[PDB]
Structure formats: C-alpha cells, structure tokens
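Just the one chain here, the form deposited in one PDB entry, laid out as structure tokens.
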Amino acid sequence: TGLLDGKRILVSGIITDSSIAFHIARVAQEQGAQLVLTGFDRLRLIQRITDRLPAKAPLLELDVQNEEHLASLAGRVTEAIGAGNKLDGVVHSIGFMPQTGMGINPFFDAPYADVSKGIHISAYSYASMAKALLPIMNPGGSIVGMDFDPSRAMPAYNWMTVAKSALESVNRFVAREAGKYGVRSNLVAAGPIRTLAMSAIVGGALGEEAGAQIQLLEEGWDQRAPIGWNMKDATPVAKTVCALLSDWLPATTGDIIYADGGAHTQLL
C-alpha cells in the first residue's frame, strides 16, 4: 500500500526532468497518488517530459500571474478529475526572480518591477493557488510549497531570498484560511538542488563571483549536514513533500519542514 493511495494531488512546477516537481510527481505516483499537473508557457515541452512519469497525469496550463488561468483553474481541475471529486493535495513548486534581482548584479540595482515580478511568482502565487484550490479540496487535505531557508542573508540569492522570506510569511496566513477547510499548509525548505537553472548559475550564467559563491555555499552545506547533502539527488526532498501530503503529519500547519540534511541546525 502506497503512502498516498487514493489521493488526488495537483503538482505545479515541472519544466524539465531535473525540476524538483518532476521528482515530487514521480514519488507521489510510486506511492499511489492520482495526479493532475500544471505547467507554465512551454506546454508541448512539459507534456513530453511528464510522459516519462510512471503513470498518466492530465496537464493544465497555469501562469500564476494570469488572473484568467487562476479564475478557471478549479473548473479545469474538477473537469480532469471528474465531477464530485475533490483534491487531497496541492504542490506549489514555482519560483522565479528576474536576473537583475540575483547574482553579481548589485542588490541595490534590482528595479522594483523586477523584484515585484519575482515576489508575485515566488510568494503571492502561493496565496493565489490556495484561493483557487481550497474550494475544491477535501478535509484532511494538504498544500505544500517549496522554500529555500531565507532566515539569514546569503551571497547571490539576493532578492530571491527576500521572496522566500515573504513566502514563509504568506504560508502562515494560508494556514489560517486552509484550516477552515480542514486543510494543512506547509513549506519544505530544501537544500540546494542541481536543477537546470542551478547548473547554469554554477556555470557562471549570473556572473563568475555569483557562480563561485553558490558553489561554495553548496560545499559548506554538505560539510555541515550531519547526514550529508547530495545536490544531484532531489529524491529526499520529493519524499519529504509526500510525507506532508500524507496523513502522517496531521497536526503540522503554517510550518516549515527542513529537507536539507540537517545543515541549518549546524554552524560549522
């Protein structure tokens, strides 16, 4: 018997086969979950990547900055899962910050429009998704978002760290609203993961100094983590998201679970 046997779960954020959400979707399906997927802009690309998941899952277009996509979301989901069926889980694995807000570009040089775009996609959208999906969620349901520990400032991450701080605050309020539906809302704070974007940054896409800093940050992470950290393996992160989607953390809400090898609990 699967951990998510009989659960209907919406998974957003797949772009490539290295996306954290691809691994969340794989593990959830291995655990008996019936999935509905949401994708942004490049849907032909997303459909081909998701064809490799162990089971079939309908794909729906969702640009979190689009008011029409959000207003029609619940109707499109229920149409994909069948009338009279509701979701048991929602996975928010969406994040973006324009290049001006990250890397070698000075912190003070990011124009507000770019910061605002990044916060809209990375933080506000967590509330936006919950607003659209809570009316079609079952009691005992679970909303999970992806976080990167922003409690301390760090090189290169810059305004994305600010967006994550706002996300953690948004999550605590989403928990208040979700509670009225008998639904939990939590974040998984993951360690660094070698996604296509991350590999590009290490490769110097956002500047040499930013690349050097991010590579050093990842090395320090594995060193600190009492059980180590493998940036090339998103499976421990995917399993943690599934733990929160399950009935096994029923008294946890407005909270953050750290899937970071325990690195944030250690100084050196």
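So that the term is clear: the rigid core is the largest set of C-alpha atoms that superpose within 1.5 Å between two forms. So that there is no doubt, residue numbering starts at 1 and follows the sequence shown.
Only in words, not in the display: the form deposited in another entry, which the text now covers.
- request: With the two forms aligned on their rigid core, point out which item of 45, 202, 225, 60 shifts its C-alpha by 2 Å or more between this form and the one not shown.
  value: After core superposition, the single residue displaced by 2 Å or more is 202.
- [ ] Take the rigid core as the frame of reference and indicate whether the C-alpha of residue 234 shifts by 2 Å or more between this form and the one not shown.
- [x] Shift of 2 Å or more: no.
Compare the position of the CA of residue 31 between this form and the one not shown after a rigid core fit and state whether the shift reaches 2 Å. Where the cores coincide, residue 31 shows only a C-alpha shift between this form and the one not shown that is less than 2 Å.
Does the C-alpha of residue 212 move 2 Å or more between this form and the one not shown once the rigid core is lined up?
Moves: yes, 2 Å or greater.
Taking the cut-off of 3 Å or more as given, in which direction does the distance between the C-alpha atoms of residue 201 and residue 120 change in that other deposited form, closer or farther? Nearer in that other deposited form, by 3 Å or more.
Comparing against this form, do residue 189 and residue 209 have their CA atoms pulled together or pushed apart in that other deposited form? The difference is 3 Å or more. It is farther: the C-alpha separation of residue 189 and residue 209 rises by at least 3 Å in that other deposited form.
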